[PDB]
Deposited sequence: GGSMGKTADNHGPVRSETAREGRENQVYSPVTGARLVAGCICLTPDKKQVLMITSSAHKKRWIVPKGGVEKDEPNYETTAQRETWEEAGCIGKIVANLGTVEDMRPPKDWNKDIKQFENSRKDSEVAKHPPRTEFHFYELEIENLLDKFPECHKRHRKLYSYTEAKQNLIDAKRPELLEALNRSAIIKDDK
């Protein structure tokens, strides 16, 4: 639908999600991408026109995509999907040609309180806890460095 919300400045799609950590902070909850079933990402989704804040979207998507309930304990701020829709060298560095972001992500750290077996997307995805090291590799394999930046801002133990 066109319940979707876009940055009035950049036209980027506004998305909220959760870095869901175990109480002991050693593991993060990851879900499989719907499109590519072997990519592990974190729960996230489009803000809808009715939603009063990013926390509402984040907790709605964490339940819908991962069957996860918990408490928001930190605002992890924003990251951008800077994937292009070719290059510009500058003497001692190279860059992709200027473009607006595809997506602006608002991420929150959640402490997991419960995982349920039945949730709206429970037949369309897997959901599993990973150590920092495994999660980092997962998000590089998924080609989602912005999701890794959000994970790095979380209190997850990096030992």
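Coordinate coverage of the deposited sequence breaks at 1-22, 108-115, 190-191, these segments carrying no C-alpha atoms.
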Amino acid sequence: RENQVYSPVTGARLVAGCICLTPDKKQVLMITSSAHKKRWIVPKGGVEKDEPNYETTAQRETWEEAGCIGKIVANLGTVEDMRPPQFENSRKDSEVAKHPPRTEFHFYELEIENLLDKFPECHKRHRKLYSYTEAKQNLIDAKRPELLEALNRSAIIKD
From here on, numbers count along this sequence of modelled residues.
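If you average the C-alpha B-factors over 28-36 and over 54-62, the higher value belongs to 28-36. A summary of the deposited B-factors shows that, of 41-49 and 94-102, the stretch with the larger mean C-alpha value is 94-102. Placement of the Cα temperature factor of residue 68 within the chain: lowest third of the modelled residues, per the deposited record. Sort the modelled residues of the chain by CA B factor and residue 129 lands in the middle third. Residue 79 sits in the middle third of its chain by CA B factor, as recorded in the PDB entry. Among the modelled residues of its chain, residue 109 has a C-alpha B-factor that falls in the lowest third according to the deposited record.
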